[PDB]
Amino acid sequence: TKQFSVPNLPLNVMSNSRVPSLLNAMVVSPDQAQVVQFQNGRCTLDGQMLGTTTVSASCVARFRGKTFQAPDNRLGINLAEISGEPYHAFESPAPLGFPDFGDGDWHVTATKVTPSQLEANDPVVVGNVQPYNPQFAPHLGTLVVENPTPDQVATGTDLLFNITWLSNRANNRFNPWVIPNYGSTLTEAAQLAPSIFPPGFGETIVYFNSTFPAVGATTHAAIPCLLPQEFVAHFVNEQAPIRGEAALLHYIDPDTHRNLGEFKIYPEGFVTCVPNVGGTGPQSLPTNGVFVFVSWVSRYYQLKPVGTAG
């Protein structure tokens, strides 16, 4: 009897589910060549999170661990959950919220989080994580911080990391669609969230974009995700059973109260639209509108085209 719904927050007050940033756009990208397989911001409509998705906004693209000394003044990190609870292999692709950008450098700022170590002095460690490096093994709970400052940190120091910015590899652009290689062999329990394949009926996947310090990106400083973090939190909170093959949403103007565009959101946890031919689809719509659940529909419900013709 719990009926389905989406948060009725304006798009531009909701946040990305792959970096901790405001959403400021939605886009389509039909003719781009990458698999769609983000591990963060993945949640079914009845509230089952997939991949490494956490419900917690403050865990999105964070990681935590304890220091040990690796060769050549590199800083090894034994991962834990951001909560401090232990992380064990063979159960998920990586700890909850663990960043899912594999195509470039993570410039990280960390702080000590042990209260006894926070009575005095600078608690910051900065450095650079290279997910394409051969010592990147997040599924088994270990990674390396290159070029740390301070360059010597006592073994066993508990550190909470944020990604201050992302950057391209040398002579490439940073593609924010590329997920990391989590390493190992994932058990069936620890499987990646599946890849999303393009839906039929002239539909294309809608991405919720944030401006983010992703330097040298293929997108010009924009990080895409499939669901606002508030959508993830809403579905986990609600646990509304799936009662149709897709959910029709209207994107409503808050001023005029009128329908700006039709969208479908699929049980697997992704949004589509039909772009008006020869235009940017939903990208030209105002960003202060609100998504509203209309009804369940079947997969073959035909959406009215959204956006302008160019």
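In case it trips you up, residue 1 is the first one in the sequence shown, and so on.
Per-stretch averaging of Cα B factors for 111-119 and 179-187 places 179-187 on top. Averaged over Cα atoms, the B-factor as recorded in the entry is higher for 301-309 than for the other of 301-309 and 4-12. Comparing the listed residues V236, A154, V124, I82, the entry records the largest Cα B-factor for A154.
Highest C-alpha temperature factor among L96, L75, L159, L166 per the entry: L75. Per-chain ranking of the deposited C-alpha B factor places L226 in the lowest third. Sort the chain's modelled residues by C-alpha temperature factor and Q135 lands in the highest third, per the entry.
In this PDB entry, the Cα temperature factor of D100 sits in the bottom third of its chain's modelled residues, the lowest group.
Among all modelled residues in this chain, the alpha-carbon of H250 has a temperature factor (C-alpha) in the middle third. Looking at the C-alpha B-factors along this chain, the one for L45 belongs to the lowest third.
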